[PDB]
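Asks: Next comes the structure file work_34.txt, holding compact mmCIF, N, CA and C atoms.
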# COMPACT_ATOMS: atom_id res chain seq x y z
N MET A 1 75.22 125.55 110.96
CA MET A 1 74.89 126.06 112.30
C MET A 1 73.76 125.22 112.88
N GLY A 2 73.93 124.70 114.09
CA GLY A 2 72.87 124.02 114.84
C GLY A 2 73.43 122.87 115.66
N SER A 3 72.68 122.49 116.70
CA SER A 3 73.09 121.66 117.82
C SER A 3 74.23 122.30 118.62
N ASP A 4 74.24 122.02 119.92
CA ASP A 4 75.18 122.64 120.84
C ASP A 4 76.53 121.93 120.77
N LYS A 5 77.60 122.72 120.73
CA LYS A 5 78.97 122.22 120.78
C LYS A 5 79.31 121.84 122.21
N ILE A 6 79.26 120.54 122.51
CA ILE A 6 79.58 119.99 123.82
C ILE A 6 80.41 118.72 123.59
N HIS A 7 81.73 118.83 123.71
CA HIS A 7 82.67 117.75 123.42
C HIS A 7 83.92 117.97 124.26
N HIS A 8 84.00 117.32 125.42
CA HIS A 8 85.19 117.31 126.27
C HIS A 8 86.39 116.69 125.56
N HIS A 9 87.58 116.82 126.15
CA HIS A 9 88.83 116.54 125.49
C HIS A 9 89.22 115.09 125.78
N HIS A 10 88.85 114.16 124.90
CA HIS A 10 89.11 112.73 125.06
C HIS A 10 89.30 112.07 123.69
N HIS A 11 90.05 112.74 122.80
CA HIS A 11 90.43 112.15 121.52
C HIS A 11 91.31 110.91 121.79
N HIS A 12 91.24 109.89 120.93
CA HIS A 12 92.19 108.79 120.98
C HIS A 12 93.38 109.16 120.11
N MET A 13 93.40 108.72 118.85
CA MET A 13 94.56 108.76 117.97
C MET A 13 93.99 108.71 116.56
N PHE A 14 93.82 109.86 115.90
CA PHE A 14 93.13 109.95 114.63
C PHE A 14 93.98 109.29 113.52
N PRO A 15 93.48 108.28 112.79
CA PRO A 15 94.18 107.74 111.63
C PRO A 15 93.98 108.66 110.42
N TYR A 16 94.99 109.48 110.11
CA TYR A 16 95.10 110.30 108.90
C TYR A 16 96.56 110.75 108.71
N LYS A 17 96.86 111.43 107.60
CA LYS A 17 98.09 112.19 107.38
C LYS A 17 97.82 113.50 106.66
N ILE A 18 98.83 114.35 106.53
CA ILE A 18 98.79 115.60 105.78
C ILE A 18 99.83 115.49 104.68
N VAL A 19 99.52 116.13 103.56
CA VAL A 19 100.26 116.22 102.32
C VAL A 19 100.40 117.73 102.06
N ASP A 20 100.95 118.13 100.92
CA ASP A 20 101.46 119.46 100.69
C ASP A 20 100.46 120.56 101.04
N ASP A 21 99.26 120.50 100.47
CA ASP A 21 98.11 121.26 100.96
C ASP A 21 96.92 120.33 101.18
N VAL A 22 97.11 119.01 101.16
CA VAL A 22 96.03 118.04 101.07
C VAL A 22 96.06 117.16 102.32
N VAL A 23 94.98 116.44 102.60
CA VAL A 23 94.78 115.70 103.84
C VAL A 23 94.32 114.31 103.43
N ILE A 24 95.00 113.26 103.90
CA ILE A 24 94.70 111.89 103.53
C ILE A 24 94.06 111.24 104.75
N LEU A 25 92.74 111.08 104.72
CA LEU A 25 91.97 110.51 105.81
C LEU A 25 91.93 109.01 105.51
N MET A 26 92.71 108.22 106.24
CA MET A 26 92.92 106.80 105.97
C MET A 26 92.29 106.01 107.11
N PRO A 27 90.98 105.72 107.07
CA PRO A 27 90.34 104.91 108.09
C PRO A 27 90.80 103.46 107.98
N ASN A 28 90.69 102.75 109.10
CA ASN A 28 91.09 101.35 109.24
C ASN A 28 89.85 100.58 109.70
N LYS A 29 89.59 100.37 111.00
CA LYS A 29 88.45 99.55 111.45
C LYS A 29 87.74 100.19 112.65
N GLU A 30 87.23 101.41 112.48
CA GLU A 30 86.61 102.18 113.55
C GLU A 30 85.43 103.05 113.12
N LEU A 31 84.92 102.92 111.89
CA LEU A 31 83.84 103.76 111.36
C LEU A 31 82.48 103.29 111.88
N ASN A 32 82.39 103.17 113.19
CA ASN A 32 81.19 102.92 113.96
C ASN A 32 80.47 104.25 114.23
N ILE A 33 79.24 104.19 114.73
CA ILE A 33 78.37 105.35 114.93
C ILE A 33 79.02 106.40 115.84
N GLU A 34 79.79 106.00 116.85
CA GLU A 34 80.37 106.93 117.80
C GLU A 34 81.48 107.75 117.17
N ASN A 35 82.00 107.32 116.01
CA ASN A 35 82.99 108.02 115.23
C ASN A 35 82.41 108.31 113.84
N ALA A 36 81.26 109.00 113.82
CA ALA A 36 80.52 109.33 112.61
C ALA A 36 79.95 110.75 112.70
N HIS A 37 79.03 111.04 113.63
CA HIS A 37 78.66 112.44 113.88
C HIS A 37 79.91 113.23 114.28
N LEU A 38 80.73 112.70 115.20
CA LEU A 38 81.95 113.36 115.62
C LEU A 38 82.92 113.44 114.45
N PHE A 39 82.91 112.49 113.51
CA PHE A 39 83.87 112.39 112.40
C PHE A 39 83.94 113.72 111.65
N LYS A 40 82.77 114.19 111.22
CA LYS A 40 82.59 115.50 110.61
C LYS A 40 83.06 116.61 111.56
N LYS A 41 82.71 116.55 112.84
CA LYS A 41 83.07 117.54 113.87
C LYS A 41 84.59 117.63 114.09
N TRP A 42 85.32 116.52 113.97
CA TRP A 42 86.77 116.47 113.97
C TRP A 42 87.23 117.11 112.67
N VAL A 43 86.88 116.54 111.51
CA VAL A 43 87.28 117.05 110.20
C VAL A 43 87.05 118.57 110.06
N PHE A 44 85.93 119.10 110.56
CA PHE A 44 85.59 120.52 110.47
C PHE A 44 86.62 121.40 111.17
N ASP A 45 87.20 120.95 112.28
CA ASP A 45 88.03 121.76 113.17
C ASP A 45 89.50 121.33 113.16
N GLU A 46 89.78 120.18 112.57
CA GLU A 46 91.12 119.67 112.30
C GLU A 46 91.59 120.17 110.93
N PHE A 47 90.68 120.30 109.95
CA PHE A 47 91.04 120.55 108.56
C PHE A 47 90.25 121.72 107.98
N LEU A 48 88.92 121.58 107.91
CA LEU A 48 88.11 122.43 107.05
C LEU A 48 88.20 123.90 107.47
N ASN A 49 87.89 124.21 108.73
CA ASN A 49 88.03 125.56 109.26
C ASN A 49 89.49 126.00 109.19
N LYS A 50 90.44 125.08 109.39
CA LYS A 50 91.89 125.29 109.36
C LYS A 50 92.39 125.84 108.02
N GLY A 51 91.57 125.77 106.97
CA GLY A 51 91.84 126.30 105.64
C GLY A 51 91.87 125.19 104.58
N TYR A 52 91.86 123.92 104.98
CA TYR A 52 92.05 122.81 104.06
C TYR A 52 90.80 122.60 103.20
N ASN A 53 90.99 122.71 101.88
CA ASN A 53 89.97 122.64 100.84
C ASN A 53 90.09 121.35 100.01
N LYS A 54 90.87 120.36 100.43
CA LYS A 54 91.17 119.15 99.67
C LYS A 54 91.43 118.03 100.66
N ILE A 55 90.48 117.11 100.76
CA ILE A 55 90.54 115.91 101.58
C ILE A 55 90.60 114.76 100.58
N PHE A 56 91.21 113.62 100.93
CA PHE A 56 91.09 112.36 100.20
C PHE A 56 90.74 111.24 101.18
N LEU A 57 90.03 110.21 100.71
CA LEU A 57 89.67 109.03 101.50
C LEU A 57 90.26 107.79 100.83
N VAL A 58 91.27 107.17 101.44
CA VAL A 58 91.79 105.88 100.98
C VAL A 58 90.90 104.79 101.59
N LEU A 59 90.49 103.80 100.80
CA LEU A 59 89.65 102.69 101.26
C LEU A 59 90.42 101.36 101.31
N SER A 60 91.73 101.38 101.07
CA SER A 60 92.58 100.20 101.08
C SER A 60 92.41 99.40 102.37
N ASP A 61 92.46 100.06 103.53
CA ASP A 61 92.57 99.40 104.84
C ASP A 61 91.19 99.04 105.42
N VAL A 62 90.11 99.22 104.66
CA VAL A 62 88.73 99.06 105.09
C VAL A 62 87.98 98.25 104.02
N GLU A 63 87.31 97.17 104.40
CA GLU A 63 86.54 96.40 103.43
C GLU A 63 85.26 97.15 103.11
N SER A 64 84.60 97.71 104.13
CA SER A 64 83.31 98.34 103.98
C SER A 64 82.99 99.26 105.15
N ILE A 65 81.80 99.85 105.11
CA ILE A 65 81.31 100.82 106.05
C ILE A 65 79.83 100.53 106.34
N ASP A 66 79.31 101.03 107.45
CA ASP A 66 77.89 100.99 107.79
C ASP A 66 77.14 102.15 107.13
N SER A 67 75.83 101.99 106.93
CA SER A 67 74.95 103.00 106.33
C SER A 67 75.01 104.36 107.02
N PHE A 68 75.33 104.38 108.32
CA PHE A 68 75.41 105.58 109.13
C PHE A 68 76.50 106.50 108.58
N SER A 69 77.76 106.09 108.65
CA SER A 69 78.87 106.94 108.22
C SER A 69 78.94 107.02 106.69
N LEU A 70 78.43 106.04 105.94
CA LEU A 70 78.31 106.09 104.47
C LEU A 70 77.65 107.39 103.99
N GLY A 71 76.74 107.98 104.78
CA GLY A 71 76.12 109.27 104.47
C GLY A 71 76.89 110.47 105.01
N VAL A 72 77.69 110.28 106.07
CA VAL A 72 78.58 111.30 106.61
C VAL A 72 79.67 111.58 105.57
N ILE A 73 80.18 110.55 104.88
CA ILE A 73 81.17 110.69 103.81
C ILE A 73 80.65 111.70 102.79
N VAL A 74 79.43 111.51 102.27
CA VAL A 74 78.85 112.49 101.36
C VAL A 74 78.77 113.84 102.07
N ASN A 75 78.29 113.90 103.31
CA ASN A 75 78.08 115.17 103.99
C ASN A 75 79.34 116.02 104.03
N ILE A 76 80.48 115.39 104.34
CA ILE A 76 81.78 116.03 104.36
C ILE A 76 82.09 116.60 102.96
N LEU A 77 81.73 115.89 101.87
CA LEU A 77 81.82 116.43 100.51
C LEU A 77 80.95 117.67 100.39
N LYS A 78 79.67 117.60 100.79
CA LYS A 78 78.73 118.71 100.64
C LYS A 78 79.31 119.98 101.27
N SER A 79 79.82 119.88 102.50
CA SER A 79 80.43 120.99 103.22
C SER A 79 81.57 121.59 102.40
N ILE A 80 82.57 120.77 102.04
CA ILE A 80 83.74 121.16 101.26
C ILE A 80 83.31 121.85 99.95
N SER A 81 82.35 121.27 99.24
CA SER A 81 81.88 121.72 97.94
C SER A 81 81.27 123.13 98.01
N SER A 82 80.68 123.42 99.17
CA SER A 82 80.11 124.71 99.53
C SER A 82 81.19 125.70 100.00
N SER A 83 82.26 125.22 100.64
CA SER A 83 83.35 126.06 101.12
C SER A 83 84.32 126.51 100.04
N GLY A 84 84.42 125.80 98.91
CA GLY A 84 85.43 126.11 97.90
C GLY A 84 86.38 124.96 97.59
N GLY A 85 86.17 123.77 98.15
CA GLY A 85 87.10 122.69 98.01
C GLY A 85 86.53 121.54 97.21
N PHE A 86 87.35 120.50 97.13
CA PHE A 86 87.05 119.23 96.49
C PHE A 86 87.42 118.11 97.44
N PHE A 87 86.82 116.94 97.26
CA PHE A 87 87.15 115.75 98.02
C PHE A 87 86.91 114.56 97.11
N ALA A 88 87.86 113.63 97.11
CA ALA A 88 87.87 112.45 96.27
C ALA A 88 88.37 111.24 97.06
N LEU A 89 88.27 110.03 96.50
CA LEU A 89 88.64 108.80 97.19
C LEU A 89 89.76 108.09 96.45
N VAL A 90 90.33 107.04 97.04
CA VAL A 90 91.51 106.34 96.55
C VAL A 90 91.41 104.86 96.90
N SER A 91 91.90 104.01 95.98
CA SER A 91 91.85 102.55 96.06
C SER A 91 90.46 102.11 96.54
N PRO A 92 89.41 102.39 95.76
CA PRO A 92 88.06 102.04 96.12
C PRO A 92 87.91 100.55 95.81
N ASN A 93 88.18 99.72 96.83
CA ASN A 93 88.14 98.28 96.70
C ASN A 93 86.78 97.84 96.18
N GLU A 94 86.77 96.68 95.55
CA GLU A 94 85.63 96.27 94.74
C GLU A 94 84.37 96.09 95.61
N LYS A 95 84.57 95.80 96.90
CA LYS A 95 83.55 95.64 97.91
C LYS A 95 82.86 96.96 98.23
N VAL A 96 83.55 98.10 98.22
CA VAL A 96 82.88 99.35 98.36
C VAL A 96 82.33 99.80 97.03
N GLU A 97 83.02 99.60 95.92
CA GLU A 97 82.58 100.08 94.62
C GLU A 97 81.17 99.56 94.32
N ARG A 98 80.87 98.35 94.80
CA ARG A 98 79.56 97.76 94.64
C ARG A 98 78.45 98.55 95.34
N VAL A 99 78.75 99.21 96.46
CA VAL A 99 77.79 99.95 97.27
C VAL A 99 77.85 101.42 96.88
N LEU A 100 79.03 101.90 96.48
CA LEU A 100 79.31 103.26 96.08
C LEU A 100 78.55 103.64 94.80
N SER A 101 78.07 102.67 94.01
CA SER A 101 77.14 102.95 92.93
C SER A 101 75.75 103.11 93.55
N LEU A 102 75.34 102.05 94.26
CA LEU A 102 74.01 101.72 94.78
C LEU A 102 73.50 102.70 95.84
N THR A 103 74.33 103.65 96.25
CA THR A 103 74.04 104.63 97.28
C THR A 103 74.38 106.04 96.79
N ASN A 104 74.73 106.18 95.50
CA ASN A 104 75.28 107.36 94.85
C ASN A 104 76.39 107.95 95.71
N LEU A 105 77.55 107.29 95.72
CA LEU A 105 78.75 107.77 96.39
C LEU A 105 79.71 108.26 95.31
N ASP A 106 80.18 107.38 94.42
CA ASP A 106 81.01 107.75 93.26
C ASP A 106 80.28 108.77 92.38
N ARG A 107 78.95 108.67 92.34
CA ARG A 107 78.14 109.52 91.48
C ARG A 107 78.00 110.92 92.06
N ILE A 108 78.64 111.20 93.19
CA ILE A 108 78.63 112.47 93.89
C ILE A 108 80.09 112.90 94.11
N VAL A 109 80.91 112.04 94.70
CA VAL A 109 82.29 112.30 95.10
C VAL A 109 83.22 111.64 94.08
N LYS A 110 84.36 112.25 93.80
CA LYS A 110 85.33 111.73 92.85
C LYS A 110 86.03 110.49 93.39
N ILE A 111 86.62 109.73 92.48
CA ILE A 111 87.35 108.50 92.76
C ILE A 111 88.57 108.48 91.82
N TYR A 112 89.70 107.96 92.33
CA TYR A 112 90.99 107.79 91.68
C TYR A 112 91.61 106.46 92.12
N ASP A 113 92.68 105.99 91.48
CA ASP A 113 93.31 104.75 91.90
C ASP A 113 94.24 105.02 93.07
N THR A 114 95.06 106.06 92.95
CA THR A 114 96.12 106.40 93.89
C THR A 114 95.84 107.79 94.46
N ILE A 115 96.65 108.19 95.44
CA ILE A 115 96.64 109.57 95.88
C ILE A 115 97.16 110.45 94.76
N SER A 116 98.21 110.06 94.05
CA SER A 116 98.88 111.00 93.17
C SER A 116 97.99 111.38 92.00
N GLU A 117 97.23 110.42 91.48
CA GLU A 117 96.31 110.69 90.40
C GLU A 117 95.28 111.71 90.84
N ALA A 118 94.98 111.76 92.14
CA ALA A 118 94.02 112.67 92.69
C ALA A 118 94.73 114.00 92.87
N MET A 119 95.85 113.99 93.57
CA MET A 119 96.47 115.13 94.20
C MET A 119 96.78 116.27 93.25
N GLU A 120 97.02 115.96 91.98
CA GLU A 120 97.32 116.92 90.92
C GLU A 120 96.17 117.18 89.96
N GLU A 121 95.03 116.51 90.16
CA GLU A 121 93.93 116.42 89.22
C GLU A 121 92.62 116.90 89.80
N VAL A 122 92.37 116.68 91.08
CA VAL A 122 91.37 117.36 91.89
C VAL A 122 91.64 118.88 91.86
N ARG A 123 92.91 119.24 91.65
CA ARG A 123 93.30 120.58 91.23
C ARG A 123 92.57 121.06 89.96
N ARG A 124 92.22 120.17 89.02
CA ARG A 124 91.56 120.45 87.74
C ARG A 124 90.34 119.64 87.36
N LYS A 125 89.66 119.09 88.34
CA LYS A 125 88.48 118.28 88.27
C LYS A 125 87.81 118.56 89.58
In structure tokens, write the structure found in this file.
Replies:
Amino acid sequence: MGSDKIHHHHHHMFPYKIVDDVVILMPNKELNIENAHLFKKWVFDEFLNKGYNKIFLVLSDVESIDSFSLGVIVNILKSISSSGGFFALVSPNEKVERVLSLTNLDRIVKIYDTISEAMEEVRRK
């Protein structure tokens, strides 16, 4: 709870998909500051409030991220972890894995090779 909800209707085209009860948030080349505070605000009302307790982040289509949204990624985990859910990542390319140690990303949020290794195992991890 906090800050005023003021967001007119001007969404572009969200890069993600939905799975059986799971949500695959597949960013490409747009994780700039203007899609970072709002990123959580979209996820909260597209998925989290909607009932979704399992998000995944594929990093295949993205070489890296800025320090700004790098902390929003954790924040989305913190919210889920408090709500009853889990969130994990997929195809963590070696360029992110190098920063994902150094910023405690993997050391907080789960990591898998594929979606499938996650999708049945975040169920039990």
Asks: Please measure the separation of atom CA of residue A:58 and atom CA of residue A:9, giving the value in Å to one decimal.
Replies: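 Separation between atom CA of residue A:58 and atom CA of residue A:9: 26.9 Å.
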Asks: Can you measure atom CA of residue A:52 to atom CA of residue A:82 for me? One decimal in Å is fine.
Replies: 12.9 Å
Asks: For atom N of residue A:77 and atom CA of residue A:61, determine how far apart the two atoms are, in Å to one decimal place.
Replies: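 Atom CA of residue A:61 lies at a distance of 20.0 Å from atom N of residue A:77.
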Asks: Draw an axis-aligned box over all listed atoms of stretch 116-122 of chain A, pad each side with 6 Å, and write its centre and edge lengths in Å, one decimal, as JSON.
Replies:
{"center_x": 95.1, "center_y": 114.5, "center_z": 91.7, "size_x": 19.5, "size_y": 20.8, "size_z": 17.0}
Asks: Neighbouring residues of residue A:57 were defined as those with any atom within 5 Å, considering only N, CA and C atoms; residues of the same chain fewer than 6 positions away were excluded. Please report them as a PDB file with N, CA and C atoms, in the coordinates of the input.
Replies:
ATOM      1  N   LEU A  25      92.740 111.080 104.720  1.00  0.00           N
ATOM      2  CA  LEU A  25      91.970 110.510 105.810  1.00  0.00           C
ATOM      3  C   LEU A  25      91.930 109.010 105.510  1.00  0.00           C
ATOM      4  N   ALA A  88      87.860 113.630  97.110  1.00  0.00           N
ATOM      5  CA  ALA A  88      87.870 112.450  96.270  1.00  0.00           C
ATOM      6  C   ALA A  88      88.370 111.240  97.060  1.00  0.00           C
ATOM      7  N   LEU A  89      88.270 110.030  96.500  1.00  0.00           N
ATOM      8  CA  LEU A  89      88.640 108.800  97.190  1.00  0.00           C
ATOM      9  C   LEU A  89      89.760 108.090  96.450  1.00  0.00           C
ATOM     10  N   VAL A  90      90.330 107.040  97.040  1.00  0.00           N
ATOM     11  CA  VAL A  90      91.510 106.340  96.550  1.00  0.00           C
ATOM     12  C   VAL A  90      91.410 104.860  96.900  1.00  0.00           C
TER      13      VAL A  90
END
Asks: Counting all atoms listed in the file, figure out which residue out of A:17, A:40, A:8, A:123 gets nearest to residue A:76.
Replies: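 The closest residue to residue A:76 is A:40.
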Asks: I want to know what sits within 8 Å of residue A:66, based on all atoms listed in the file, with residues of the same chain fewer than 2 positions away left out; could you give that as number ranges by chain?
Replies: A: 31-33, 64, 68-71
Asks: Excluding residue A:11 and residues on its chain fewer than 5 positions from it, collect all residues at most 12 Å away from it, counting only C-alpha atoms, and give them as a VMD selection string.
Replies: chain A and resid 34 to 35 38 to 39 41 to 42 46
Asks: Taking only C-alpha atoms into account, name the residue in A:54, A:37, A:78, A:110 that is nearest to residue A:20.
Replies: A:54
Asks: Run DSSP on the backbone of this structure and report the residues of chain A it assigns to strand (DSSP E or B), as a PyMOL selection string.
Replies: chain A and resi 17-18+23-25+54-58+86-90+110-112
Asks: Save out the residues we just selected, N, CA and C atoms, as an mmCIF file, in the frame of the given file.
Replies:
data_model
loop_
_atom_site.group_PDB
_atom_site.id
_atom_site.type_symbol
_atom_site.label_atom_id
_atom_site.label_comp_id
_atom_site.auth_asym_id
_atom_site.auth_seq_id
_atom_site.Cartn_x
_atom_site.Cartn_y
_atom_site.Cartn_z
ATOM 1 N N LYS A 17 96.860 111.430 107.600
ATOM 2 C CA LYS A 17 98.090 112.190 107.380
ATOM 3 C C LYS A 17 97.820 113.500 106.660
ATOM 4 N N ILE A 18 98.830 114.350 106.530
ATOM 5 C CA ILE A 18 98.790 115.600 105.780
ATOM 6 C C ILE A 18 99.830 115.490 104.680
ATOM 7 N N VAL A 23 94.980 116.440 102.600
ATOM 8 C CA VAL A 23 94.780 115.700 103.840
ATOM 9 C C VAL A 23 94.320 114.310 103.430
ATOM 10 N N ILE A 24 95.000 113.260 103.900
ATOM 11 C CA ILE A 24 94.700 111.890 103.530
ATOM 12 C C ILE A 24 94.060 111.240 104.750
ATOM 13 N N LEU A 25 92.740 111.080 104.720
ATOM 14 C CA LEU A 25 91.970 110.510 105.810
ATOM 15 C C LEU A 25 91.930 109.010 105.510
ATOM 16 N N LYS A 54 90.870 120.360 100.430
ATOM 17 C CA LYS A 54 91.170 119.150 99.670
ATOM 18 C C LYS A 54 91.430 118.030 100.660
ATOM 19 N N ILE A 55 90.480 117.110 100.760
ATOM 20 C CA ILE A 55 90.540 115.910 101.580
ATOM 21 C C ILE A 55 90.600 114.760 100.580
ATOM 22 N N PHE A 56 91.210 113.620 100.930
ATOM 23 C CA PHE A 56 91.090 112.360 100.200
ATOM 24 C C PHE A 56 90.740 111.240 101.180
ATOM 25 N N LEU A 57 90.030 110.210 100.710
ATOM 26 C CA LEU A 57 89.670 109.030 101.500
ATOM 27 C C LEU A 57 90.260 107.790 100.830
ATOM 28 N N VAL A 58 91.270 107.170 101.440
ATOM 29 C CA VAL A 58 91.790 105.880 100.980
ATOM 30 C C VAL A 58 90.900 104.790 101.590
ATOM 31 N N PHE A 86 87.350 120.500 97.130
ATOM 32 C CA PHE A 86 87.050 119.230 96.490
ATOM 33 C C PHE A 86 87.420 118.110 97.440
ATOM 34 N N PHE A 87 86.820 116.940 97.260
ATOM 35 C CA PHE A 87 87.150 115.750 98.020
ATOM 36 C C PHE A 87 86.910 114.560 97.110
ATOM 37 N N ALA A 88 87.860 113.630 97.110
ATOM 38 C CA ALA A 88 87.870 112.450 96.270
ATOM 39 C C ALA A 88 88.370 111.240 97.060
ATOM 40 N N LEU A 89 88.270 110.030 96.500
ATOM 41 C CA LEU A 89 88.640 108.800 97.190
ATOM 42 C C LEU A 89 89.760 108.090 96.450
ATOM 43 N N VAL A 90 90.330 107.040 97.040
ATOM 44 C CA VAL A 90 91.510 106.340 96.550
ATOM 45 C C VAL A 90 91.410 104.860 96.900
ATOM 46 N N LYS A 110 84.360 112.250 93.800
ATOM 47 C CA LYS A 110 85.330 111.730 92.850
ATOM 48 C C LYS A 110 86.030 110.490 93.390
ATOM 49 N N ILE A 111 86.620 109.730 92.480
ATOM 50 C CA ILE A 111 87.350 108.500 92.760
ATOM 51 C C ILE A 111 88.570 108.480 91.820
ATOM 52 N N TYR A 112 89.700 107.960 92.330
ATOM 53 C CA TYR A 112 90.990 107.790 91.680
ATOM 54 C C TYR A 112 91.610 106.460 92.120
#
Asks: Generate the coordinates of N, CA, C and O atoms for stretch 96-109 of chain A; report them as a PDB file, keeping the file's coordinate frame.
Replies:
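Final output, saved to part20.pdb:
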ATOM      1  N   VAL A  96      83.550  98.100  98.220  1.00  0.00           N
ATOM      2  CA  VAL A  96      82.880  99.350  98.360  1.00  0.00           C
ATOM      3  C   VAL A  96      82.330  99.800  97.030  1.00  0.00           C
ATOM      4  O   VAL A  96      81.225 100.312  96.997  1.00  0.00           O
ATOM      5  N   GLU A  97      83.020  99.600  95.920  1.00  0.00           N
ATOM      6  CA  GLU A  97      82.580 100.080  94.620  1.00  0.00           C
ATOM      7  C   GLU A  97      81.170  99.560  94.320  1.00  0.00           C
ATOM      8  O   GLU A  97      80.308 100.283  93.823  1.00  0.00           O
ATOM      9  N   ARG A  98      80.870  98.350  94.800  1.00  0.00           N
ATOM     10  CA  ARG A  98      79.560  97.760  94.640  1.00  0.00           C
ATOM     11  C   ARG A  98      78.450  98.550  95.340  1.00  0.00           C
ATOM     12  O   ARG A  98      77.306  98.483  94.916  1.00  0.00           O
ATOM     13  N   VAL A  99      78.750  99.210  96.460  1.00  0.00           N
ATOM     14  CA  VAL A  99      77.790  99.950  97.270  1.00  0.00           C
ATOM     15  C   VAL A  99      77.850 101.420  96.880  1.00  0.00           C
ATOM     16  O   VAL A  99      76.828 102.094  96.853  1.00  0.00           O
ATOM     17  N   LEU A 100      79.030 101.900  96.480  1.00  0.00           N
ATOM     18  CA  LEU A 100      79.310 103.260  96.080  1.00  0.00           C
ATOM     19  C   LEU A 100      78.550 103.640  94.800  1.00  0.00           C
ATOM     20  O   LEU A 100      78.360 104.830  94.560  1.00  0.00           O
ATOM     21  N   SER A 101      78.070 102.670  94.010  1.00  0.00           N
ATOM     22  CA  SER A 101      77.140 102.950  92.930  1.00  0.00           C
ATOM     23  C   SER A 101      75.750 103.110  93.550  1.00  0.00           C
ATOM     24  O   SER A 101      75.103 104.148  93.465  1.00  0.00           O
ATOM     25  N   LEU A 102      75.340 102.050  94.260  1.00  0.00           N
ATOM     26  CA  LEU A 102      74.010 101.720  94.780  1.00  0.00           C
ATOM     27  C   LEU A 102      73.500 102.700  95.840  1.00  0.00           C
ATOM     28  O   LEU A 102      72.383 102.568  96.341  1.00  0.00           O
ATOM     29  N   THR A 103      74.330 103.650  96.250  1.00  0.00           N
ATOM     30  CA  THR A 103      74.040 104.630  97.280  1.00  0.00           C
ATOM     31  C   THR A 103      74.380 106.040  96.790  1.00  0.00           C
ATOM     32  O   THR A 103      74.295 106.984  97.580  1.00  0.00           O
ATOM     33  N   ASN A 104      74.730 106.180  95.500  1.00  0.00           N
ATOM     34  CA  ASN A 104      75.280 107.360  94.850  1.00  0.00           C
ATOM     35  C   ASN A 104      76.390 107.950  95.710  1.00  0.00           C
ATOM     36  O   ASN A 104      76.218 108.973  96.365  1.00  0.00           O
ATOM     37  N   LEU A 105      77.550 107.290  95.720  1.00  0.00           N
ATOM     38  CA  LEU A 105      78.750 107.770  96.390  1.00  0.00           C
ATOM     39  C   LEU A 105      79.710 108.260  95.310  1.00  0.00           C
ATOM     40  O   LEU A 105      79.934 109.459  95.233  1.00  0.00           O
ATOM     41  N   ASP A 106      80.180 107.380  94.420  1.00  0.00           N
ATOM     42  CA  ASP A 106      81.010 107.750  93.260  1.00  0.00           C
ATOM     43  C   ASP A 106      80.280 108.770  92.380  1.00  0.00           C
ATOM     44  O   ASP A 106      80.851 109.680  91.789  1.00  0.00           O
ATOM     45  N   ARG A 107      78.950 108.670  92.340  1.00  0.00           N
ATOM     46  CA  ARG A 107      78.140 109.520  91.480  1.00  0.00           C
ATOM     47  C   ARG A 107      78.000 110.920  92.060  1.00  0.00           C
ATOM     48  O   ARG A 107      77.299 111.757  91.487  1.00  0.00           O
ATOM     49  N   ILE A 108      78.640 111.200  93.190  1.00  0.00           N
ATOM     50  CA  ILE A 108      78.630 112.470  93.890  1.00  0.00           C
ATOM     51  C   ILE A 108      80.090 112.900  94.110  1.00  0.00           C
ATOM     52  O   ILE A 108      80.463 114.000  93.708  1.00  0.00           O
ATOM     53  N   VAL A 109      80.910 112.040  94.700  1.00  0.00           N
ATOM     54  CA  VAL A 109      82.290 112.300  95.100  1.00  0.00           C
ATOM     55  C   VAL A 109      83.220 111.640  94.080  1.00  0.00           C
ATOM     56  O   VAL A 109      82.924 110.565  93.562  1.00  0.00           O
TER      57      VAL A 109
END
